[PDB]
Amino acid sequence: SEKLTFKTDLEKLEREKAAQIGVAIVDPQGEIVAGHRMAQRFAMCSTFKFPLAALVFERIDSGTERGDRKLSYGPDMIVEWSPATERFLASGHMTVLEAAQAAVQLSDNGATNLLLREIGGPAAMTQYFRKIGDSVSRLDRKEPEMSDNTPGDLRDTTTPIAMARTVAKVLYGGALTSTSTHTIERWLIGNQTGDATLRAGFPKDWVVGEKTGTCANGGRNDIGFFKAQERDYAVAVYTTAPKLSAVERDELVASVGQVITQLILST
């Protein structure tokens, strides 16, 4: 019955906001807690930056990368929304960890593209999804074109259920060392771009960390984890709402946060 409320309340938002909403919540093992259009494909947008940081941390864990390695670049690497990358441009480099932190916490596009260059590009990000058991998520392009979200285009897509299970595998499923898992959790909680999204719809004692995405054509997404009353959850929310303003798209994702919260409190 709380499941029907969840479904009805999301359908109400979809209808009233002219939006498509895809949600999946899974427990630490990836078992479904709730879902809504959970297997519809949505553009990842900047949400992939969290799995990208996980890939980088695993390479550091494995001794094939080091967090202090300096990555050289020029003005050619500055694309739209590259605030850290632009600050570090005169110095000529960012370290692997500086780039990862800017990618995760500021959504910096140039820092993300720097890491894609070092790992061998989109194909390598896709191979990491496959390695961790995700047969759906795919990165095809670098930023910002991967955020085009052209209707019908399956490049650069995931599904809510695949990405929620990828989050659960990274945080609870032993993809990373204990150290690296704790760090990436800490980075997600300290994300600077999510204050108006899912977090704005959750209780203030839940421990939440997330990565936002914004795409052209009205996409607004948020994926991450929350700890609610001694239970851990992974969540992925993908929305498309081309007729909403940017503020209204944040509000929609906060409202999906509140519908999630009502389901969780019911169980």
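When you see a residue number, it is the position in the sequence shown, counting from 1.
- Averaged over CA atoms, B-factors in the entry run higher in 126-134 than in the other of 101-109 and 126-134.
- Relative to one another, 51-59 and 23-31 have unequal mean CA B-factors, and 23-31 is the one with the higher figure.
- Within the group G67, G213, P242, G224, the record's highest C-alpha temperature factor is found at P242.
- Ranked by C-alpha B-factor against the other modelled residues of its chain, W187 falls in the lowest third.
- Among the modelled residues of its chain, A196 has a C-alpha B-factor that falls in the middle third according to the deposited record.
- In this PDB entry, the Cα temperature factor of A228 sits in the top third of its chain's modelled residues, the highest group.
- When the CA B factors of the chain's modelled residues are split into thirds, the value for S72 lands in the middle one.
- Among the modelled residues of its chain, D148 has a C-alpha B-factor that falls in the highest third according to the deposited record.
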